């Protein structure tokens, strides 16, 4: 999928997590977010189209996804332990990573 498609999947699933009632629903949404994040990672965003692949900016862009994926990983552990409210809180808190990257590269 292209970058924007994966971003939509990321955004859609955050909403699903916010309104979910049980752990299974949260786990499923988080799993989809992980796949979308990883798929997004191979993209070169418009704002960095003219930068070299080895540029500090592309390295930072990639690092942003690593941070996100890590937060998704931790959230999954919480969901897997049936801690719905905590997993939901983790999904909400990681919005700060979405924001940080957007400020720099969206």
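Residue numbers count along the first chain shown, from 1.
Higher mean CA temperature factor, per the PDB entry, when comparing 1-9 with 95-103: 1-9. In this crystal structure, the stretch out of 35-43 and 70-78 whose C-alpha atoms carry the higher mean B factor is 35-43. Among the modelled residues of its chain, residue 90 has a C-alpha B-factor that falls in the lowest third, as given in the PDB entry. Among the modelled residues of the chain, residue 63 sits in the lowest third by CA temperature factor in this PDB entry. Among all modelled residues in this chain, the alpha-carbon of residue 30 has a temperature factor (C-alpha) in the lowest third.
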